[PDB]
Protein chains: 2
Amino acid sequence: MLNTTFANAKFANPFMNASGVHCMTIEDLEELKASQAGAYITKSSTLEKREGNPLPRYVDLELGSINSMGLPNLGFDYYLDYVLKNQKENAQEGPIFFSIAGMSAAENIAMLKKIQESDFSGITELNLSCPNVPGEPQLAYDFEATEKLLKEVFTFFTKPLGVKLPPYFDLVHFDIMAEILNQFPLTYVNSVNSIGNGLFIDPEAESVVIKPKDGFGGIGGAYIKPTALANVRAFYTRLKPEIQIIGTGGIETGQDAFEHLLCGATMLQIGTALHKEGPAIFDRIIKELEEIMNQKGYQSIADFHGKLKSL
Amino acid sequence: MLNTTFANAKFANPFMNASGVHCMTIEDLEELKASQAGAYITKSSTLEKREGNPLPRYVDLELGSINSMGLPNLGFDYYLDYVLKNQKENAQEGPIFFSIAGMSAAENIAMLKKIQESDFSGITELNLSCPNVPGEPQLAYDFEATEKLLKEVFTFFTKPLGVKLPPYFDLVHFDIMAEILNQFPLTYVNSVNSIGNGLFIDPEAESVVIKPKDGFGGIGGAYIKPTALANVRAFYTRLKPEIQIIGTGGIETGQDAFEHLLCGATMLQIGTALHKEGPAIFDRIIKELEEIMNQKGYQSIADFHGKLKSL
Ligand SMILES: Cc1cc2nc3c(=O)[nH]c(=O)nc-3n(C[C@H](O)[C@H](O)[C@H](O)COP(=O)(O)O)c2cc1C
Ligand SMILES: Cc1cc2nc3c(=O)[nH]c(=O)nc-3n(C[C@H](O)[C@H](O)[C@H](O)COP(=O)(O)O)c2cc1C
Ligand SMILES: [Mg+2]
Ligand SMILES: [Mg+2]
């Protein structure tokens with residue numbers, strides 16, 4: 001009942017891991033492939049392998065999580081080699097997603113050029129919102145810089161491309177971003193990356209709980225669902241139909257998934273909840289969403305996709 | 001134990017209501033005066049009385065609240081007359097706070113001029129984050145416009161003035177705002193107003209829960225504490241000491257209060273929790289904070305104010 005069409009491709013269900021979670025190594029990726037996830041995405045990569053920030057850099061919270069990973073990854077070549085080898089096997093229903101988060105525009109352009117030149121037939125996700133890179137301002141909050149980068153990207157990148165965006169909190173910003181994005185042959189927008197630079201404190205120790213950036217880190221989980229849903233919905237009503245949406249943020253139960261789909265998301269990514277539960281979460285959440293649909297008499301996501309009602 | 005000095009004034013404790021909550025009418029204000037709150041602030045006013053947005057416009061949530069009130073208020077003159085009359089009575093320890101949220105710069109300047117010319121001896125709070133006039137942004141998200149307005153304000157306003165700010169999520173933005181604010185003789189910064197334009201959905205009815213703006217509203221409560229604490233802390237380490245901070249966001253327990261104070265807040269405002277519990281919350285939270293201090297052997301807020309530790 002969850003069969004989904006996205007980026008002109010067929011997926012068994014809309015669920016995927018969120019980049020950054022359970023996708024660092026080939027072993028992680030293989031575990032996602034073996035799981036019930038409809039699709040999966042690689043850890044955002046940089047040209048060079050990165051160790052990331054000092055530990056502790058991730059902490060589970062009652063209402064979600066806080067992290068300042070620092071883009072730890074095994075390097076662009078590592079992930080490209082994996083997806084290219086995996087592609088030849090045809091042992092998977094649906095293309096693999098490849099995330100890139102260059103440390104500079106030049107780095108992103110370089111990686112996109114390599115992807116374009118390679119035989120990669122999957123989907124690419126350009127991360128314009130990493131809030132845990134020491135000394136690096138979320139690009140998607142700089143509308144001028146974002147438009148400039150995308151214009152250069154589309155002068156040569158012809159393969160499926162989506163952008164991972166930070167959350168917006170003002171309607172005028174959604175209007176501005178939508179206007180910018182609508183001029184490009186983008187495949188999708190993925191809302192949202194973590195609510196940036198939040199803080200969690202241990203009152204007993206009177207200290208922060210993560211080492212990097214004096215304790216400031218990206219917030220995920222239940223804390224951000226209202227923001228995530230709003231971003232998915234705001235873009236759904238502003239983006240041209242050619243640009244689909246991936247909903248990310250606060251997805252833990254079938255109900256959370258249902259809500260994102262009602263807003264207009266086509267694919268759904270799970271970060272914090274997957275980090276805590278492991279790949280078994282996909283089978284659980286799929287069944288929860290199916291139960292919700294059965295109760296409502298729905299046999300397809302199309303029966304409610306984007307049908308959120310206003311009062 | 002909780003005696004606090006702020007804006008060169010003495011307060012019995014740091015707790016106050018957050019503007020917008022329990023401060024619409026004279027009766028509301030009198031109830032806050034009768035409560036254990038160390039100080040209180042009036043509902044953000046506009047030159048003319050406003051009915052606000054259509055109902056439902058406020059909804060209690062498990063993790064906080066969502067609202068799109070629409071600035072309902074009894075008008076500038078109503079609040080000015082109240083504060084001017086109570087001022088003469090000298091029946092209160094600590095000045096009253098007066099919030100203004102004009103829908104245009106011209107409106108804010110007009111109200112500030114009236115306050116300046118009046119005999120008002122209290123503290124004024126300029127709201128630069130009420131998600132007010134469509135085609136906006138929240139003024140404080142427009143750094144250029146914010147600096148321009150403040151420059152004009154300080155060419156004539158000599159009375160105590162603080163600014164109510166929206167939450168920021170990127171360190172560069174804190175740097176930019178701090179640079180702007182540090183050039184003025186501002187009394188304080190109040191972080192934060194609601195996380196803007198969030199969405200809450202009733203999965204059963206497949207609809208939003210508030211009538212205005214297709215269900216989009218400001219998020220408050222537990223959802224926003226990480227963001228609130230981060231904003232208080234980020235400004236505490238960037239603002240010149242002359243500009244103090246009022247911490248607002250997710251304060252429900254003595255522990256939440258303790259955390260805000262550890263970050264650097266001097267005064268504390270309660271919104272959502274006060275909306276749900278009523279003025280009795282002040283006595284409860286004061287006792288909770290005092291218990292925390294007693295356990296740690298602290299007899300003054302100075303024993304831990306702004307002492308949040310990094311790892
Ligand atoms: C440990 C961790 C690492 C992350 N690293 C990335 C990353 O490399 N690339 C990216 O686009 N998002 C990254 N994110 C953000 C997630 O993809 C997701 O947008 C966020 O966690 C919001 O979803 P959630 O509420 O399900 O956690 C990371 C999140 C976590 C918790
Ligand atoms: C019903 C309601 C009305 C509000 N109206 C105002 C307002 O007029 N002026 C203002 O500065 N903030 C207003 N706010 C925001 C609060 O002052 C406060 O910044 C926010 O609720 C975050 O605090 P909390 O987590 O304790 O709710 C309002 C909040 C609520 C819940
Ligand atoms: Mg599988
Ligand atoms: Mg009193």
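Quick note on labels: first sequence line is chain A, next is B, and so on, each numbered from 1. As the structure lists them, so they are numbered: ligands from 1, and atoms in each ligand from 1. Below, each value reflects all heavy atoms present in this structure, side chains not excepted, and no hydrogens, waters or symmetry copies.
- Heavy atoms of A:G250 approach ligand 1 to within less than 4.0 angstrom.
- Backbone or side-chain N, O or S atoms of A:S35 reach the Mg ion (ligand 3) at under 2.8 Å.
- The shortest N or O to N or O distance between A:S44 and ligand 1 is under 3.5 Å.
- For the ligand labelled ligand 1, residue A:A101 lies outside the 4.0 Å heavy-atom shell.
- Interface atoms of ligand 1 facing A:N127, defined by a heavy-atom separation under 4.0 Å, are 9 (N), 10 (C), 11 (O).
- Atom 16 (C) of ligand 1 has as its closest protein heavy atom A:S19 O, 3.6 Å.
- Applying the 6.0 Å contact sphere to NZ of A:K211 captures no more than 12 heavy atoms from other residues, nucleotides or ligands.
- Close approach of ligand 1 to A:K43 is summarised as follows: ligand atoms under 4.0 Å from at least one heavy atom of the residue are 5 (N), 6 (C), 7 (C), 8 (O).
- Annotation for A:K276: atom NZ counts as buried by contact number, over 12 foreign heavy atoms lying within 6.0 Å.
- Per-residue contacts place A:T272 under 4.0 angstrom from the following atoms of ligand 1 (heavy atoms of the residue considered): 24 (P), 26 (O), 27 (O).
- Of the protein's non-hydrogen atoms, the one nearest atom 4 (C) of ligand 1 is A:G20 CA, 3.5 Å.
- If you look at A:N193 next to ligand 1, the close heavy atoms, those under 4.0 Å, come from the backbone and the side chain alike.
- If you number the atoms of ligand 1 from 1 as listed, the ones under 4.0 Å from a heavy atom of A:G221 come out as 24 (P), 25 (O), 27 (O).
- Residue contacts with ligand 1, taken as heavy atom pairs separated by less than 4.0 Å, involve A:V192 solely via the backbone atoms N, CA, C and O.
- Looking at heavy atoms from C-beta onward, A:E288 lies out of side-chain contact with A:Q255 at the 4.5 angstrom threshold.
- Protein heavy atom in closest approach to atom 26 (O) of ligand 1: A:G271 N, 2.9 Å.
- When A:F216, A:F169, A:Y168 are each tested for a ring-ring contact (aromatic ring centres under 6.0 Å, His included) with B:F169, only one passes: A:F169.
- What sits closest to atom 11 (O) of ligand 1 on the protein, heavy atoms only, is A:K164 NZ, 2.9 Å.
- Note: B:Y79 and B:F98 have perpendicular aromatic rings, judged against thresholds of 30 and 60 degrees for the angle between ring planes.
- Ring orientation note: the planes of B:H173 and A:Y141 are tilted relative to one another, at an angle of 30° to 60°.
- In this structure, CG on B:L199 lies 6.0 Å from CG on A:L308, to the nearest 0.5 angstrom.
- Each of A:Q269, A:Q244, A:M267 was scored for a side-chain contact (heavy atoms from CB on, under 4.5 Å) with A:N190, with one residue passing: A:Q269.
- Atom NZ of A:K114 has 12 or fewer neighbouring heavy atoms from other residues, nucleotides or ligands inside a 6.0 Å radius.
- Within 6.0 Å of CD in A:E30 there are more than 12 heavy atoms belonging to other residues, nucleotides or ligands.
- Taking every non-hydrogen atom of A:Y58 and a distance limit under 4.0 Å, the qualifying atoms of ligand 1 come out as 1 (C), 31 (C).
- Atom 18 (C) of ligand 1 has as its closest protein heavy atom A:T248 CG2, 3.6 Å.
- In terms of protein heavy-atom proximity, atom 22 (C) of ligand 1 is nearest to A:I224 CD1, 3.7 Å.
- The Mg ion (ligand 4) has an N, O or S atom of B:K33 under 2.8 Å away, backbone or side chain.
- Scanning the protein heavy atoms around atom 30 (C) of ligand 1, the nearest turns out to be A:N67 ND2, 3.4 Å.
- Dense packing is recorded around CD of B:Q92, with more than 12 heavy atoms of other residues, nucleotides or ligands lying under 6.0 Å away.
- Of the protein's non-hydrogen atoms, the one nearest atom 20 (C) of ligand 1 is A:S194 OG, 3.8 Å.
- Put simply, the side chain of A:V83 reaches to within 4.5 Å of the side chain of A:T42, judged on heavy atoms.
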